[PDB]
């Protein structure tokens, strides 16, 4: 199977500049090269260039709506394209607002996909519930069918079509949810495993359940949207919204190895890696290295080791 890396150096989804440097930092670590060493074929599509919408006035509270909507429309296009050719899309972010485009484009080709959202945040605020206008805190609101018409249309997102329902998504690692967001996920009956469920069950049982929940009936394409702040600030410090008590490096890796084992990984997002937020060069190195480690993991790298088939090492 093929892999196509797509860089999304975008940061208008939030107020801290830096996330646009995420792709550069990930490639600089040898991500693409390290991927070619796996059993997959890799093609690097390079970084999309996002056209900045001049005079992007704030829609009520929402900041940079048009710039965000446009960059996402463009990304959804690219993704739909590579997904059309039967290749696996890997978006390297900027901020989590690019999940809108990433998942939209993917759904066009695989309408029956399910989404595994690894984050410390639900990112489901609607333009009416956000305390800040930041759109990287709203990605899921624009994608849920059940949320259609529950908030005013936003300048630049008219092209978006709610592709997935509350029954197709599972959250893992929640630990920082707004009152609004909590109301929403409780009301819509969305399946989630907050850090408290992970503590109670263990990452093992958590994955076993999300799989029987999303794939119990029909086997379908899996879209993994991974926010790096889903792991504890001790593993991924260089992010815009670090929340203490998060997933461990081991847990993160366990998640990615299980998803690889399902053979259903179709799309992947590596978001929120911000190089400029590291307090020491080492903190940036730590964050990038584990981001790379989680990606290689999605594509076969196991902790028990790997050996090329048909080669007799003796």
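Positions refer to the first chain, counted from 1.
S.K.: Using the B-factors recorded in the PDB entry, average over the C-alpha atoms of 224-232 and of 111-119, then report which stretch comes out higher.
M.R.: On average, C-alpha B-factors are higher across 111-119.
S.K.: May I ask you to compare 134-142 and 234-242 by their mean CA B factor in the entry and name the higher one?
M.R.: It is 134-142.
S.K.: Looking at 273, 255, 42, 268, which has the highest Cα B-factor in the entry?
M.R.: Checking the PDB record, the top C-alpha B-factor among 273, 255, 42, 268 is at 42.
S.K.: In terms of recorded Cα temperature factor, pick the maximum from 177, 91, 195, 215.
M.R.: If I rank 177, 91, 195, 215 by C-alpha B-factor, first place goes to 215.
S.K.: Which third of the chain holds residue 15 when residues are ordered by C-alpha B factor: lowest, middle or highest?
M.R.: Highest third of the chain for residue 15's C-alpha B-factor.
S.K.: Test of reading the entry: by CA B factor among the chain's modelled residues, which third contains residue 29?
M.R.: Ranked within chain, residue 29 CA B lands in the middle tercile.
S.K.: Ranking the modelled residues of this chain by C-alpha B-factor as given in the entry, is residue 153 in the lowest, middle or highest third?
M.R.: Highest third.
S.K.: Once the chain's modelled residues are ordered by C-alpha B factor and cut into thirds, is residue 96 in the lowest, middle or highest one?
M.R.: Its C-alpha B-factor, which the entry lists for residue 96, ranks in the lowest third among residues of this chain.
S.K.: Based on the deposited C-alpha B factors for this chain, I'd like to know if residue 181 is in the lowest, middle or highest third.
M.R.: Middle third, going by the recorded CA B-factors of the chain.
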